[PDB]
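In what follows, a structure is listed as C-alpha cells, so that the remarks can point back to it.
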Amino acid sequence: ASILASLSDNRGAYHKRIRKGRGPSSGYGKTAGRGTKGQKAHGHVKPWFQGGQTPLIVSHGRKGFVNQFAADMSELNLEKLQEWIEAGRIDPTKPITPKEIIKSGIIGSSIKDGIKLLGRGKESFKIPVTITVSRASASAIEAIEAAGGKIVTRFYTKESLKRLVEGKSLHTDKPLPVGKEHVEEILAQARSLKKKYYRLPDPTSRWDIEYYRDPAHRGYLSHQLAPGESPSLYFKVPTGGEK
Amino acid sequence: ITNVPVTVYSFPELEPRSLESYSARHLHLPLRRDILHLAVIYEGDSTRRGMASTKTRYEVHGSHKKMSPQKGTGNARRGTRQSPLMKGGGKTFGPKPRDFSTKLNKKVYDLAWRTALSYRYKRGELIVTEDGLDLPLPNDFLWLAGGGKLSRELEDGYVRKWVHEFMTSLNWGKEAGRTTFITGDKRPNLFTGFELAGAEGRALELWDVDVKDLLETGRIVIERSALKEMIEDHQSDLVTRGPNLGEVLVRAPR
RNA sequence: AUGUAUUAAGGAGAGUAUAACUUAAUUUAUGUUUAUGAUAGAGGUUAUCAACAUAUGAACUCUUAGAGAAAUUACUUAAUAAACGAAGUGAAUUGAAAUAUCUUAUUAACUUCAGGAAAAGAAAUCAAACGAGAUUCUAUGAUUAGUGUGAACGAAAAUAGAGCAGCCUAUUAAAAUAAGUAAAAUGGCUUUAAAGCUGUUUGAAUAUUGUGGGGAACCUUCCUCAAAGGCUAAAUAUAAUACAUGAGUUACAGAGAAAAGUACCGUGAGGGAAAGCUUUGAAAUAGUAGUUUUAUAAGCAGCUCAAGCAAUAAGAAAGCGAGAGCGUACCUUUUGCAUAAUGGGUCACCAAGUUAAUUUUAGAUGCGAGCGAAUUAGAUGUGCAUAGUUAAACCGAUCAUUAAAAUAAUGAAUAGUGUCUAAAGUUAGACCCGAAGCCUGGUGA
RNA sequence: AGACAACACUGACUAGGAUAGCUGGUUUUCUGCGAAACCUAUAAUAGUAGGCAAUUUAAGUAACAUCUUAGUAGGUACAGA
RNA sequence: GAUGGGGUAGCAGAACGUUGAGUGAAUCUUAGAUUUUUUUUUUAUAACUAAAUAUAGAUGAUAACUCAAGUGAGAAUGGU
RNA sequence: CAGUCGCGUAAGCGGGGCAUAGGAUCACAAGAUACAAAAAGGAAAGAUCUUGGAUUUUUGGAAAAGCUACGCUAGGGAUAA
Ligand SMILES: [K+]
Ligand SMILES: [K+]
Ligand SMILES: [K+]
Ligand SMILES: [K+]
Ligand SMILES: [K+]
Ligand SMILES: [K+]
Ligand SMILES: [K+]
Ligand SMILES: [K+]
Ligand SMILES: [K+]
Ligand SMILES: [K+]
Ligand SMILES: [Mg+2]
Ligand SMILES: [Mg+2]
Ligand SMILES: [Mg+2]
Ligand SMILES: [Mg+2]
Ligand SMILES: [Mg+2]
Ligand SMILES: [Mg+2]
Ligand SMILES: [Mg+2]
Ligand SMILES: [Mg+2]
Ligand SMILES: [Mg+2]
Ligand SMILES: [Mg+2]
Ligand SMILES: [Mg+2]
Ligand SMILES: [Mg+2]
Ligand SMILES: [Mg+2]
Ligand SMILES: [Mg+2]
Ligand SMILES: [Mg+2]
Ligand SMILES: [Mg+2]
Ligand SMILES: [Mg+2]
Ligand SMILES: [Mg+2]
Ligand SMILES: [Mg+2]
Ligand SMILES: [Mg+2]
Ligand SMILES: [Mg+2]
Ligand SMILES: [Mg+2]
Ligand SMILES: [Mg+2]
Ligand SMILES: [Mg+2]
Ligand SMILES: [Mg+2]
Ligand SMILES: [Mg+2]
Ligand SMILES: [Mg+2]
Ligand SMILES: [Mg+2]
Ligand SMILES: [Mg+2]
Ligand SMILES: [Mg+2]
Ligand SMILES: [Mg+2]
Ligand SMILES: [Mg+2]
Ligand SMILES: [Mg+2]
Ligand SMILES: [Mg+2]
Ligand SMILES: [Mg+2]
Ligand SMILES: [Mg+2]
Ligand SMILES: [Mg+2]
Ligand SMILES: [Mg+2]
Ligand SMILES: [Mg+2]
Ligand SMILES: [Mg+2]
C-alpha cells in the first residue's frame, strides 16, 4: 500500500544465509560441514602447514630483492594526451606542466614520484605543445618535436609535486643559478612575489644529475655541457687517433 | 521535454503566482524501488544506537576455580562457574556495543533523494509555496499570547482547535493522511502549531529532512528557497562537468 | 553500554520518632515567590497542608596518640581506602604442531615514591638539498621498511582529528651554559649493525671565521641541531555522583547483588547464594468422573484390515476397540549395533560457526578511464586502477637471457572502482563443554 | 613410611594467567546433486597437506560412454619339452 | 500427450517460524479485540471456521513489505 | 636458434660413458654480472649467474639417555591379559 511498505532490493541481490547447527533438514545440522572428529573439527590447522613436508620457498629459496629506492613514475602516453587536448581538457597553447597534468585527471588522482611521457600512439600525434615532465622516452621526445613542440625533463619529487598543485611553489624550467652575480636578481624577484613560495629542488645524486644533464632526455641541466663533454660525472669521451 | 515546470503557490489561499523550471533529472526520474530501499535502510542504520551489551564467560563475575574434581564424583565434569552451561553463565555469542551504520555512495544517496522527490511530484504530493511559509494564526490570538492574558492550557487548546479545522478545510489533516511542512529556518507559529496538534501533520527544517521523511505523509509542503537549496546539495551525480535549477518562467505579478 | 557535566580519601561499630539519623539522633533564623505559583479557612503530634536560595546549633565509638585479643584501656581540641601514575624487579602457561634462541612479554605480579591526575615536554628532533618545527591521546601510514633458520615480531617520516603555549624577569622564584661528562674497549640490555641505557677498566674538544653531537656498519664533505642545568596549562588514566540517549535487559534476564559481598561454606586467605509484583496458569505428575476394552494371555504399545459399543428425541459418530496381520526404541561411534557398546527418570526453561579488523569471490546496482572520499576566493585529507618487463634499475609497446648488438630464438598487452546481500581465507577465546599440570603473589603448624 | 604440613602432598590451599592432533555435544522444513576409506609427503601411521575427486553454474565440445569395421602394443591361462 | 524422483560425509537453492524495529499520530475491537483449550477446513513445520470460558477501548492486538538477531533442542555421565 | 671447436673424402656426428642405483634450502667459501647503495661521493651489507665442502642415513632434511609397582590426565575393545 504505502511506498515505504513496498520497497525492496532486486531479487538477484539477496542470497541464502547458512545457519549451521539448526537441524538435519537444513543440510548443516550435526557437524556443520566439518566432518567427523578430526583436527579440522576439534581445532584449527595452521595455514602454512603442509603436513610437515618442506615448502617450495625453502627447498628453492626466495629469489631476488625488492627495490625500495626506485621512483614510482606515473606513466602518460601520447594517445591519452592527444585525446585530452581534443576534448578541451588541457590547454595546448599554454605550457603543460605537472600542475596542469595532475588537475586534469589524465594520470589519475594519485601523485607519484614523477611523470614519464611515453610514446604509445606516437604516429597519430601532430599537436605542437610545450610539455614539462620528469622523464620521457626516446620515441616520445622525437614525436613531440617532429610536430613542432618543445619538451624539457625537470627534476621533481613526491613533495615538490604536491606543492606545485597546492600553489606553494611556482614552476620553472631552469635550475637555481650559482655565483655572487645572481643574488641581486634572485633576491629582488623573491620580494616582489609578496608570498612565501617554496623553491623546487634540484638533483643532488650522481645518477639524477647525469640524467637531467644530457641532451638525449632534454634535461634542464644540459645547457651546462660542452659539445664534446659527456653527461657522466666520472667517465669521459676518449680521443681517437694514433698516439 | 528536458525540463519540468514547478508551480509556486501562496500557502494561505494556494494561489498559483510563479512558475519555475527544473530538469527532468530532478523531479521526473523513474521510480527505482531498489534505490529508495538502499537509502531508506542506510538512514535507519545510522540513527540506531547499537549499544546493547552482554557478558561472556570471560567477563562474568566470580572466580575461575574448578567446581568439582575432574573425575570420581559420578557427575558431568565441570570447569569454571561462568560457562554457558551454568545458571549465571555468560552468553557465548551475545550482543556487544558496535557500529551498525553502513555506507552508501554520495551519488546513489543523491539519486534516491531526487528519486523520492520525483515520486511526490508525478503524484501531485509536492506542493511548493513562496517564502514565509507559516500558519496564519489569528491576529487577536497572537496579541493575547504576547500579552500573557491567555493561560498555557488555553493558549494550547486554541492552537490545537485552529490547526485542526484549518487542515480539514484544506483537506490536508489527519483525514487525507498528513502533511509535512519543510522550511529553511524555524518559524514560531508553524513549528508550535504542529507541536500541539501533530495528528494533522508536522514541520521540519531543511537540515532535519531525510529521504524517509519525504515518503511518510500524504503531501510535502516545501518552500521555494528550501526546495532549490535541497536539489542544489543533492545533485552530485549531475554536477560533474548547467541544468535548469530554479529558472523562472512566470514571474510573480508584483 | 556509551556520551556529557561536576567532583578528588573511604568504611565499619553501636545507638535512635522504622520516610526524618548521632545520646540536641524531626535545631534555630533570613530573603523572595506563593496558582498569573513552582517544575482571606482548619491543622504544633488529629503535627511537620511550602517550595527555592543563603546562613545556623548538634553530629558518639573504631580504623586513627601509646599499649592491646579493632570498636577496649588510657588520654586528647592526636585523624586520608581502593583503582589510576612513574621507576625498580620481572615469570610461566601458550605458539613454534617436540624443543633450547625466539615467542608468550619491557606482559601478569610484587616493591618504593607521588598527585588529583601523574608522567612527558619547547629539539645536541626529524628530514634530504625542498622543508618541517615541544609533549600527550586516537586513526592512517603498516599483515610496510626491517629483523628472524623458522614461528612470528615490527618502526619512523608524513597525513587527519582532539588539544594548542610558550619560556629563563620560567607568574614562583632555578644556570654564572654544565668533565670523570661525550666517547672507547670489555660484560649485558634494548635494537636492524646506528641511536639510547649500563657494571668494569680508561678517557676529549670550545661555536657557521665550521668547536661539538646527529643524519642506521664505517670514513669524508655538506646539511641539521647545540648534551652533560631547569619551569610549563590543555587534549589523556582511574574512581565517585548526576543527567541524556537506547531495533539494551524485564526476574534462571540485567551487575555476583530489585533487602548482598548479606545469609551460608572454610582455621584462614578466600569462596559465595536464593528471593519481585495483585495478573496469566503450559508440560510432567497425582486422585477421581464419563465412554470403552480387559482375568487362556508372550505387542518399542505404532501402522494395515476391522466386528461391536457409543447421541432419551428429527438430523448429527468423535472416541474406545475384541479379532487377523506387519513391526526387534532413539542417538552417538563403527567394516558392521535390537545389541548384553556409548548417553538420557520425566517434563519446562538456559545451552553451541558469532562479532571486530583485515584480505577475497559471486550476484545485484551507482559512476565510468576513471572510482571513492572530502571540499567571496583558494587550498586541503589514505587508497585502487590507468603499461608492461626483469632478481633489479635503466628502459618502455616494448622488456628480459644471448658477457656486442641484431624478429635468430622463448615468454608476457586493453575496465576499472565504490556500495549492498551472502559465502568465505587470516589474526583475535573464534562453533560449544572438559584435563592432568606449569609460573607468580598471598593463606595456614 | 614418598611420613606429615587443618577435604588435597613423588610437593598443600587460595587468587590470577592455559592448552587439549583426544572424547562428547551442535536445535526448523522443503528441494537438487552426491562421495571416500586409495596414491604421494609428513618425528608420520586414530593427524595433516597436495592429488584423484563430490558440489555450484558459466563457456566449450572433433567432449565422454558404448557397439561396429580395420589396425597396434604385450606373452597370462592353456599347451609343450 | 516434455523430462526427471533412494541417500551418509558433503555442496547448493528456496521458504516457514521466533524476538525486536520501521511504515504506525496507520487498521480493527461490548454488533466482543484478546483468551496457552477443543473443534473444523485448506497440500498444511502454517493458518483458518466454529464453539465454550472470562471481559478489554488502550502499557491491547494486527495483515502486508522491509530491517536487525541473545532466532528454532529427544540427545553433551549437560545446567536450574 | 645463436656463438666456436674437434673428427671426417663426404654425408654428417658430438650439449660425456650400452641402459636402469650420488639429498634441497639456509649458512659458509671461490669467481663473475654493474643491478640497487637509507643526506651526498664511496663503502659495507644485499640481489642475479657459475662452483665447491654433507651416513642433514628417521636420507622432502630436530643438535636429544633412562625409571615409576607412588604414579597422574585425556583416550582405545581402533590394541594385549
Ligand atoms: K562427534
Ligand atoms: K618483511
Ligand atoms: K651503540
Ligand atoms: K638544553
Ligand atoms: K543458539
Ligand atoms: K592424532
Ligand atoms: K534427493
Ligand atoms: K540421485
Ligand atoms: K612367444
Ligand atoms: K651514500
Ligand atoms: Mg547432508
Ligand atoms: Mg565443510
Ligand atoms: Mg561451507
Ligand atoms: Mg576430516
Ligand atoms: Mg587456577
Ligand atoms: Mg548473566
Ligand atoms: Mg543492512
Ligand atoms: Mg593506636
Ligand atoms: Mg584511640
Ligand atoms: Mg602508529
Ligand atoms: Mg620445525
Ligand atoms: Mg651546553
Ligand atoms: Mg655513554
Ligand atoms: Mg655515529
Ligand atoms: Mg652521543
Ligand atoms: Mg648514512
Ligand atoms: Mg540475578
Ligand atoms: Mg516473566
Ligand atoms: Mg497445569
Ligand atoms: Mg478372555
Ligand atoms: Mg568394533
Ligand atoms: Mg544401550
Ligand atoms: Mg545410564
Ligand atoms: Mg534432571
Ligand atoms: Mg527464561
Ligand atoms: Mg536459546
Ligand atoms: Mg551462491
Ligand atoms: Mg607498473
Ligand atoms: Mg618406596
Ligand atoms: Mg601419602
Ligand atoms: Mg571404494
Ligand atoms: Mg621431519
Ligand atoms: Mg527412484
Ligand atoms: Mg478459550
Ligand atoms: Mg534483545
Ligand atoms: Mg540434556
Ligand atoms: Mg623422509
Ligand atoms: Mg621421493
Ligand atoms: Mg615393590
Ligand atoms: Mg576387536
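Labels for the C-alpha cells follow display order: chains A, B, ..., residues from 1 in each chain, ligands from 1.
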Practice item. Kindly determine which residues of chain B lie within 10 Å of chain E, considering only C-alpha atoms (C1' of nucleotides), and give the answer as JSON, numbers by chain. Key: {"B": [37, 40, 41, 44, 45, 53, 54, 73, 74, 75, 76, 77, 78, 83, 84, 85, 86, 87, 88, 89, 91, 92, 93, 94, 95, 100, 174, 177, 178, 197, 198, 199, 200, 201, 212, 215, 216]}
Check your understanding: Got a sec to check which residues lie within 12 Å of ligand 42, using only C-alpha atoms (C1' of nucleotides) and all ligand atoms, and send them as an MDAnalysis selection string?
Key -> (chainID A and resid 51:54) or (chainID C and resid 97:98) or (chainID D and resid 41:44) or (chainID F and resid 56 58:62)
How would you write, as a PDB file with N, CA and C atoms (P, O5', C5', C4', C3', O3' and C1' of nucleotides), in the first residue's frame, the set of residues no farther than 12 Å from ligand 2 when counting only C-alpha atoms (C1' of nucleotides) and all ligand atoms?
```pdb
ATOM      1  N   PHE A  65      65.385  -9.367  -4.850  1.00  0.00           N
ATOM      2  CA  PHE A  65      65.127  -8.367  -3.827  1.00  0.00           C
ATOM      3  C   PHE A  65      64.132  -7.353  -4.371  1.00  0.00           C
ATOM      4  N   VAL A  66      63.498  -6.627  -3.457  1.00  0.00           N
ATOM      5  CA  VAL A  66      62.536  -5.587  -3.801  1.00  0.00           C
ATOM      6  C   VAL A  66      63.239  -4.241  -3.722  1.00  0.00           C
TER       7      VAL A  66
ATOM      8  P     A C 142      52.319   1.457   4.187  1.00  0.00           P
ATOM      9  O5'   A C 142      51.397   0.428   4.975  1.00  0.00           O
ATOM     10  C5'   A C 142      51.629  -0.972   4.884  1.00  0.00           C
ATOM     11  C4'   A C 142      51.303  -1.678   6.176  1.00  0.00           C
ATOM     12  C3'   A C 142      49.945  -1.321   6.772  1.00  0.00           C
ATOM     13  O3'   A C 142      49.411  -2.444   7.475  1.00  0.00           O
ATOM     14  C1'   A C 142      51.643  -0.716   8.286  1.00  0.00           C
ATOM     15  P     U C 143      48.856  -3.719   6.671  1.00  0.00           P
ATOM     16  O5'   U C 143      50.081  -4.737   6.674  1.00  0.00           O
ATOM     17  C5'   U C 143      50.862  -4.925   7.844  1.00  0.00           C
ATOM     18  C4'   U C 143      51.022  -6.386   8.179  1.00  0.00           C
ATOM     19  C3'   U C 143      51.798  -7.223   7.174  1.00  0.00           C
ATOM     20  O3'   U C 143      53.204  -7.104   7.312  1.00  0.00           O
ATOM     21  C1'   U C 143      49.805  -8.345   7.754  1.00  0.00           C
ATOM     22  P     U C 144      54.128  -7.015   6.002  1.00  0.00           P
ATOM     23  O5'   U C 144      54.040  -5.484   5.576  1.00  0.00           O
ATOM     24  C5'   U C 144      54.046  -5.113   4.207  1.00  0.00           C
ATOM     25  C4'   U C 144      54.723  -3.786   3.983  1.00  0.00           C
ATOM     26  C3'   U C 144      56.214  -3.740   4.271  1.00  0.00           C
ATOM     27  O3'   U C 144      56.988  -4.249   3.199  1.00  0.00           O
ATOM     28  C1'   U C 144      55.161  -1.877   5.270  1.00  0.00           C
ATOM     29  P     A C 145      58.388  -4.982   3.481  1.00  0.00           P
ATOM     30  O5'   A C 145      59.368  -3.798   3.888  1.00  0.00           O
ATOM     31  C5'   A C 145      59.691  -2.773   2.962  1.00  0.00           C
ATOM     32  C4'   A C 145      60.620  -1.757   3.572  1.00  0.00           C
ATOM     33  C3'   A C 145      61.849  -2.322   4.263  1.00  0.00           C
ATOM     34  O3'   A C 145      62.898  -2.638   3.368  1.00  0.00           O
ATOM     35  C1'   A C 145      60.817  -0.748   5.680  1.00  0.00           C
ATOM     36  P     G C 146      63.539  -4.111   3.364  1.00  0.00           P
ATOM     37  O5'   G C 146      63.955  -4.347   4.881  1.00  0.00           O
ATOM     38  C5'   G C 146      64.895  -3.497   5.516  1.00  0.00           C
ATOM     39  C4'   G C 146      64.912  -3.711   7.006  1.00  0.00           C
ATOM     40  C3'   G C 146      65.216  -5.121   7.481  1.00  0.00           C
ATOM     41  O3'   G C 146      66.595  -5.438   7.448  1.00  0.00           O
ATOM     42  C1'   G C 146      63.349  -4.296   8.653  1.00  0.00           C
ATOM     43  P     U C 147      67.076  -6.946   7.171  1.00  0.00           P
ATOM     44  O5'   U C 147      66.879  -7.666   8.577  1.00  0.00           O
ATOM     45  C5'   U C 147      67.583  -7.211   9.721  1.00  0.00           C
ATOM     46  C4'   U C 147      66.956  -7.709  10.998  1.00  0.00           C
ATOM     47  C3'   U C 147      66.931  -9.215  11.203  1.00  0.00           C
ATOM     48  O3'   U C 147      68.167  -9.741  11.655  1.00  0.00           O
ATOM     49  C1'   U C 147      64.816  -8.314  11.737  1.00  0.00           C
ATOM     50  P     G C 148      68.700 -11.152  11.103  1.00  0.00           P
ATOM     51  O5'   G C 148      67.638 -12.199  11.662  1.00  0.00           O
ATOM     52  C5'   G C 148      67.550 -12.490  13.048  1.00  0.00           C
ATOM     53  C4'   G C 148      66.424 -13.451  13.330  1.00  0.00           C
ATOM     54  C3'   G C 148      66.414 -14.732  12.512  1.00  0.00           C
ATOM     55  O3'   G C 148      67.302 -15.720  13.011  1.00  0.00           O
ATOM     56  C1'   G C 148      64.257 -13.777  12.499  1.00  0.00           C
ATOM     57  P     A C 152      52.845 -17.767  12.594  1.00  0.00           P
ATOM     58  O5'   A C 152      52.839 -16.997  13.987  1.00  0.00           O
ATOM     59  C5'   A C 152      52.993 -15.589  14.044  1.00  0.00           C
ATOM     60  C4'   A C 152      54.208 -15.211  14.848  1.00  0.00           C
ATOM     61  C3'   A C 152      54.425 -13.725  15.073  1.00  0.00           C
ATOM     62  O3'   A C 152      53.651 -13.208  16.141  1.00  0.00           O
ATOM     63  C1'   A C 152      56.443 -14.712  14.349  1.00  0.00           C
ATOM     64  P     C C 153      52.982 -11.753  16.031  1.00  0.00           P
ATOM     65  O5'   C C 153      54.180 -10.762  16.370  1.00  0.00           O
ATOM     66  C5'   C C 153      54.902 -10.886  17.585  1.00  0.00           C
ATOM     67  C4'   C C 153      56.250 -10.218  17.496  1.00  0.00           C
ATOM     68  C3'   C C 153      56.236  -8.735  17.168  1.00  0.00           C
ATOM     69  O3'   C C 153      55.985  -7.926  18.303  1.00  0.00           O
ATOM     70  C1'   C C 153      57.833  -9.830  15.812  1.00  0.00           C
ATOM     71  P     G C 154      55.014  -6.652  18.194  1.00  0.00           P
ATOM     72  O5'   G C 154      55.769  -5.694  17.174  1.00  0.00           O
ATOM     73  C5'   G C 154      57.069  -5.203  17.459  1.00  0.00           C
ATOM     74  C4'   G C 154      57.643  -4.470  16.277  1.00  0.00           C
ATOM     75  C3'   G C 154      56.725  -3.444  15.636  1.00  0.00           C
ATOM     76  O3'   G C 154      56.710  -2.205  16.323  1.00  0.00           O
ATOM     77  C1'   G C 154      57.644  -4.817  13.958  1.00  0.00           C
TER      78        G C 154
END
```
Point to revise | Nearby residues (only C-alpha atoms (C1' of nucleotides)) at most 12 Å from stretch 140-147 of chain B, same-chain spacing under 2 positions excluded, as number ranges by chain | key: B: 135-138, 149-159, 162, 188-189; C: 36
Can you write out the residues you just picked, keeping N, CA, C and O atoms (P, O5', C5', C4', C3', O3' and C1' of nucleotides), as a PDB file, in the first residue's frame?
```pdb
ATOM      1  N   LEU B 135       1.924  29.207   9.536  1.00  0.00           N
ATOM      2  CA  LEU B 135       0.488  29.143   9.755  1.00  0.00           C
ATOM      3  C   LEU B 135      -0.050  30.539  10.052  1.00  0.00           C
ATOM      4  O   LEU B 135       0.383  31.162  11.034  1.00  0.00           O
ATOM      5  N   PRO B 136      -0.981  31.068   9.252  1.00  0.00           N
ATOM      6  CA  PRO B 136      -1.507  32.417   9.543  1.00  0.00           C
ATOM      7  C   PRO B 136      -2.504  32.417  10.698  1.00  0.00           C
ATOM      8  O   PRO B 136      -3.721  32.511  10.538  1.00  0.00           O
ATOM      9  N   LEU B 137      -1.969  32.302  11.910  1.00  0.00           N
ATOM     10  CA  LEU B 137      -2.812  32.281  13.091  1.00  0.00           C
ATOM     11  C   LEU B 137      -3.559  33.608  13.224  1.00  0.00           C
ATOM     12  O   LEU B 137      -3.097  34.641  12.731  1.00  0.00           O
ATOM     13  N   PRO B 138      -4.719  33.610  13.879  1.00  0.00           N
ATOM     14  CA  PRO B 138      -5.467  34.863  14.033  1.00  0.00           C
ATOM     15  C   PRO B 138      -4.644  35.910  14.766  1.00  0.00           C
ATOM     16  O   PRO B 138      -3.880  35.601  15.683  1.00  0.00           O
ATOM     17  N   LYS B 149      -2.256  37.291  28.726  1.00  0.00           N
ATOM     18  CA  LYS B 149      -3.590  37.097  29.282  1.00  0.00           C
ATOM     19  C   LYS B 149      -3.990  35.629  29.241  1.00  0.00           C
ATOM     20  O   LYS B 149      -4.603  35.116  30.185  1.00  0.00           O
ATOM     21  N   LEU B 150      -3.649  34.938  28.157  1.00  0.00           N
ATOM     22  CA  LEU B 150      -4.058  33.554  27.970  1.00  0.00           C
ATOM     23  C   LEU B 150      -3.167  32.618  28.776  1.00  0.00           C
ATOM     24  O   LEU B 150      -1.937  32.714  28.725  1.00  0.00           O
ATOM     25  N   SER B 151      -3.798  31.715  29.517  1.00  0.00           N
ATOM     26  CA  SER B 151      -3.075  30.688  30.247  1.00  0.00           C
ATOM     27  C   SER B 151      -2.561  29.623  29.284  1.00  0.00           C
ATOM     28  O   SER B 151      -3.011  29.509  28.141  1.00  0.00           O
ATOM     29  N   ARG B 152      -1.599  28.833  29.763  1.00  0.00           N
ATOM     30  CA  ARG B 152      -0.986  27.829  28.903  1.00  0.00           C
ATOM     31  C   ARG B 152      -2.029  26.837  28.407  1.00  0.00           C
ATOM     32  O   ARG B 152      -2.028  26.459  27.229  1.00  0.00           O
ATOM     33  N   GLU B 153      -2.930  26.403  29.290  1.00  0.00           N
ATOM     34  CA  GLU B 153      -3.915  25.396  28.916  1.00  0.00           C
ATOM     35  C   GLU B 153      -4.911  25.929  27.895  1.00  0.00           C
ATOM     36  O   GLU B 153      -5.494  25.141  27.144  1.00  0.00           O
ATOM     37  N   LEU B 154      -5.117  27.246  27.856  1.00  0.00           N
ATOM     38  CA  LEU B 154      -5.945  27.887  26.843  1.00  0.00           C
ATOM     39  C   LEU B 154      -5.163  28.207  25.577  1.00  0.00           C
ATOM     40  O   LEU B 154      -5.672  28.012  24.468  1.00  0.00           O
ATOM     41  N   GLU B 155      -3.932  28.699  25.721  1.00  0.00           N
ATOM     42  CA  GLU B 155      -3.119  29.001  24.549  1.00  0.00           C
ATOM     43  C   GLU B 155      -2.857  27.750  23.724  1.00  0.00           C
ATOM     44  O   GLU B 155      -2.682  27.837  22.504  1.00  0.00           O
ATOM     45  N   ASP B 156      -2.823  26.584  24.367  1.00  0.00           N
ATOM     46  CA  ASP B 156      -2.603  25.330  23.661  1.00  0.00           C
ATOM     47  C   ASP B 156      -3.905  24.737  23.139  1.00  0.00           C
ATOM     48  O   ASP B 156      -3.938  24.194  22.031  1.00  0.00           O
ATOM     49  N   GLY B 157      -4.982  24.831  23.922  1.00  0.00           N
ATOM     50  CA  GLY B 157      -6.258  24.299  23.478  1.00  0.00           C
ATOM     51  C   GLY B 157      -6.803  25.003  22.252  1.00  0.00           C
ATOM     52  O   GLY B 157      -7.559  24.413  21.477  1.00  0.00           O
ATOM     53  N   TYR B 158      -6.432  26.270  22.058  1.00  0.00           N
ATOM     54  CA  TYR B 158      -6.899  27.018  20.897  1.00  0.00           C
ATOM     55  C   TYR B 158      -6.101  26.658  19.651  1.00  0.00           C
ATOM     56  O   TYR B 158      -6.675  26.446  18.577  1.00  0.00           O
ATOM     57  N   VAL B 159      -4.775  26.589  19.774  1.00  0.00           N
ATOM     58  CA  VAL B 159      -3.944  26.238  18.627  1.00  0.00           C
ATOM     59  C   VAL B 159      -4.331  24.863  18.101  1.00  0.00           C
ATOM     60  O   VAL B 159      -4.407  24.644  16.886  1.00  0.00           O
ATOM     61  N   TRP B 162      -7.554  25.359  16.151  1.00  0.00           N
ATOM     62  CA  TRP B 162      -7.416  26.110  14.908  1.00  0.00           C
ATOM     63  C   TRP B 162      -6.709  25.284  13.842  1.00  0.00           C
ATOM     64  O   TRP B 162      -7.183  25.180  12.705  1.00  0.00           O
ATOM     65  N   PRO B 188       8.184  30.301  14.558  1.00  0.00           N
ATOM     66  CA  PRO B 188       7.433  30.060  15.805  1.00  0.00           C
ATOM     67  C   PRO B 188       6.061  29.447  15.580  1.00  0.00           C
ATOM     68  O   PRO B 188       5.742  28.408  16.171  1.00  0.00           O
ATOM     69  N   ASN B 189       5.236  30.066  14.735  1.00  0.00           N
ATOM     70  CA  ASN B 189       3.866  29.598  14.554  1.00  0.00           C
ATOM     71  C   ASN B 189       3.833  28.187  13.982  1.00  0.00           C
ATOM     72  O   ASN B 189       3.172  27.296  14.528  1.00  0.00           O
TER      73      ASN B 189
ATOM     74  P     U C  36      -4.327  31.908  38.683  1.00  0.00           P
ATOM     75  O5'   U C  36      -3.119  32.528  37.852  1.00  0.00           O
ATOM     76  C5'   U C  36      -2.388  31.734  36.923  1.00  0.00           C
ATOM     77  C4'   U C  36      -1.159  32.451  36.420  1.00  0.00           C
ATOM     78  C3'   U C  36      -0.095  32.734  37.477  1.00  0.00           C
ATOM     79  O3'   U C  36       1.205  32.656  36.894  1.00  0.00           O
ATOM     80  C1'   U C  36      -0.858  34.775  36.565  1.00  0.00           C
TER      81        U C  36
END
```
Exercise for review: Could you give me, as a VMD selection string, the residues within 9 Å of residue F:43, counting only C-alpha atoms (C1' of nucleotides) and dropping anything in the same chain fewer than 5 positions from it?
Suggested key: (chain C and resid 218 to 219) or (chain F and resid 37)
Would you save the residues of that selection, restricted to N, CA, C and O atoms (P, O5', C5', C4', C3', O3' and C1' of nucleotides), as a PDB file, in the first residue's frame?
```pdb
ATOM      1  P     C C 218      78.605   3.478  12.390  1.00  0.00           P
ATOM      2  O5'   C C 218      79.939   3.559  11.525  1.00  0.00           O
ATOM      3  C5'   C C 218      81.129   2.931  11.972  1.00  0.00           C
ATOM      4  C4'   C C 218      82.240   3.043  10.959  1.00  0.00           C
ATOM      5  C3'   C C 218      82.538   4.441  10.441  1.00  0.00           C
ATOM      6  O3'   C C 218      83.341   5.211  11.317  1.00  0.00           O
ATOM      7  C1'   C C 218      82.410   2.950   8.622  1.00  0.00           C
ATOM      8  P     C C 219      83.142   6.804  11.395  1.00  0.00           P
ATOM      9  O5'   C C 219      83.948   7.360  10.139  1.00  0.00           O
ATOM     10  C5'   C C 219      85.364   7.291  10.097  1.00  0.00           C
ATOM     11  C4'   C C 219      85.901   7.607   8.723  1.00  0.00           C
ATOM     12  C3'   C C 219      85.619   9.004   8.198  1.00  0.00           C
ATOM     13  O3'   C C 219      86.505   9.981   8.712  1.00  0.00           O
ATOM     14  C1'   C C 219      85.147   7.420   6.512  1.00  0.00           C
TER      15        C C 219
ATOM     16  P     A F  37      70.422   3.726  -5.516  1.00  0.00           P
ATOM     17  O5'   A F  37      71.256   3.476  -4.183  1.00  0.00           O
ATOM     18  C5'   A F  37      70.610   3.033  -2.995  1.00  0.00           C
ATOM     19  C4'   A F  37      71.599   2.550  -1.964  1.00  0.00           C
ATOM     20  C3'   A F  37      72.521   3.628  -1.401  1.00  0.00           C
ATOM     21  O3'   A F  37      72.830   3.340  -0.038  1.00  0.00           O
ATOM     22  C1'   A F  37      73.815   1.969  -2.468  1.00  0.00           C
TER      23        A F  37
END
```
Review point. Chain E residues within 8 Å of chain A, counting only C-alpha atoms (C1' of nucleotides): which ones, as a ChimeraX atom specification?
Key: /E:9-10,13,23,64-66,72
Review point. Got a sec: who's within 10 Å of stretch 31-39 of chain D, counting only C-alpha atoms (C1' of nucleotides), leaving out chain neighbours fewer than 2 positions off, as a PyMOL selection string?
Key: (chain C and resi 335) or (chain D and resi 51-56) or (chain E and resi 7-14)
Exercise for review: Please determine the contact residues of chain D with respect to chain B at a cut-off of 12 Å, counting only C-alpha atoms (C1' of nucleotides), and supply them as a VMD selection string.
Suggested key: chain D and resid 7 to 8 14 to 17 24 to 25
Review point. Could you state the separation of atom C1' of residue C:199 and atom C1' of residue C:103 in Å, given to one decimal place?
Key: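 That distance, rounded to one decimal, is 29.1 Å.
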Review point. Interatomic distance between atom CA of residue B:22 and atom CA of residue B:42?
Key: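 The value is 27.1 Å.
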